[PDB]
Amino acid sequence: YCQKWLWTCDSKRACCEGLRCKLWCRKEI
């Protein structure tokens with residue numbers, strides 16, 4: 001689900017739940 005976390009969901013894998021695939025995935029609220 002996640003993308004290595006702190007990595008740009010794409011060349012590795014999609015983004016996790018809540019994360020922001022915009023530019024780079026990362027925890028947020």
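Heads up: the sequence shown begins at 1 in the authors' numbering, then just goes up one per residue.
Ideal placement from N, C-alpha and C gives every residue a C-beta, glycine not left out.
From residue i to residue j, what does the alpha carbon distance come to, in whole angstroms?
i, j, result
"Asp10", "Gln3", "7 Å"
"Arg26", "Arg20", "6 Å"
"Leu23", "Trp7", "9 Å"
Please work out which residues of its chain come closer than 8 Å, Cβ to Cβ, to residue i, disregarding the five sequence neighbours upstream and downstream, and give them in chain order.
i, result
"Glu28", "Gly18, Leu19, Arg20"
Apart from the five residues on each side of it in sequence, which residues of its chain come closer than 6 Å, Cβ to Cβ, to residue i?
i, result
"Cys15", "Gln3, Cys9, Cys21, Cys25"
"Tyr1", "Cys16"
"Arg13", "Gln3"
"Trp5", "none"
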